Structures are given as C-alpha cells and as structure tokens.
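Colleague: pasting an experimental structure, sequence included:
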Protein chains: 2
Amino acid sequence: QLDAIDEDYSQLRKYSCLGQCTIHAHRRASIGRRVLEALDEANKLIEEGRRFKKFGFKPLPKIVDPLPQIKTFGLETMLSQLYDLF
Amino acid sequence: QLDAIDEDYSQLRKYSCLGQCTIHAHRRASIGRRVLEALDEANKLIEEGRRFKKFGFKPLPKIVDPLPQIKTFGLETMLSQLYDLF
C-alpha cells in the first residue's frame, strides 16, 4: 500500500512551502521514518522476488475425479439401491 | 575596531528576515569567519591583558634638566662670550 505514503507526501508537499517553518516540520520525522521503512521493505521484497525459480506444484489428486454428467431419467431408484448395497 | 563587524552584522540582520532565503546566505560565511577571528583575537588580548604586572619604567635622565628661566635683560653679550670660551 505505497499509495498511502504517496498521498501523505503529496499533502506534505502542499504545506512544505518553506523548510524553515516548524508549523509543519514536526511531520517531517513521520515522513522520514515511513519512507525509509517502505524503501527497505520494498528492497527486501525485490531481492526475494527476483530469486524464485519454482512458481507452482502439482496438487494431490482429488478424492473424486469428475466424470461426464449426461442428463439421466428414472435412475433414482436404482441409484438408491446401489447406495444401499454400497 | 569591533564596530565594523558590529555594523556589518546589523546590515545582515536587516536581511536576516528569512532563514529560507539563500540570496543573502553567501555572506553568512564571511560573518562566520570574521566573528570567530574577532572572538579568538579578543580572547587572546584578554588573556594577555590580565597578565601584566608592571605598567611603566623610569626613563633615562634627560640630556639637560630644565632650570628656572626668569626673564633676563642685557645678558646676550656675556652669554655669547661664555659660549665662545665653552
């Protein structure tokens, strides 16, 4: 969510007309820490991101494999019988 | 002549209205060096000034010691004679 610090720095850019005024110099510390945290976090994510070589794995086969489901008629009774013996 | 740097710093204080403005920031170096030079020079003069114990010395006796010069009359001729034999 770098957009949040982007808008925050834009809001500071609205009021930081002068470096000398303290009316707004207090929030410079917040920007100074949050920008650095975002920067080194992004660097860590970049270094990790470049390093992956495998991006997927074959999942375990499903409990049941789907089969053609052509519309049936009047099979409910014998299906129930098959379940009964099963 | 500390008055010179005094007036110079007053002239800078006329423009010292804004820290942010840098047009006048160039002369800050000149003030920064001249004030320090005056300060440590003054400190050296103070340390030397406190240390004197003797403040005068008896001069060598003059070639001639003045004597009463009461107004004289008609002594020029014999004064010239005295100079002649002297």
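Modeller: Cool, got the structure. Numbering: from 1, shown residues only, chains lettered A, B, ... in the order given.

Colleague: what's the burial count for the closest residue to residue A:27 other than its chain neighbours?
Modeller: Taking C-beta to C-beta, 6 or more residues apart in numbering or on different chains, and ignoring the residues beside it in sequence, residue A:27 has residue A:12 as its nearest neighbour in space, at 6.2 Å. For the C-beta atoms, the positions are set from N, CA and C on the backbone; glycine is no exception. Other residues lying near residue A:12 total 14 when counted by other C-beta atoms under 10 Å in any protein chain shown.

Colleague: the one helix or strand residue A:12 maps to: what's the following helix or strand?
Modeller: Using DSSP states H and E, residue A:12 sits in helix A:2-15. Helices and strands here follow DSSP H and E; after helix A:2-15, the next one along the chain is helix A:27-51.

Colleague: distance between the next helix or strand after that next one and the chain's centre?
Modeller: From helix A:27-51 onward toward the C-terminus, using DSSP H and E, the following helix or strand is helix A:76-85. On the basis of C-alpha atoms, centre = their mean, to the nearest Å, the separation between the geometric centre of helix A:76-85 and that of its chain is 46 Å.

Colleague: again with stretch A:34-41
Modeller: Taking C-alpha atoms, centre = their mean, one finds the center of stretch A:34-41 at 19 Å from the center of the full chain.
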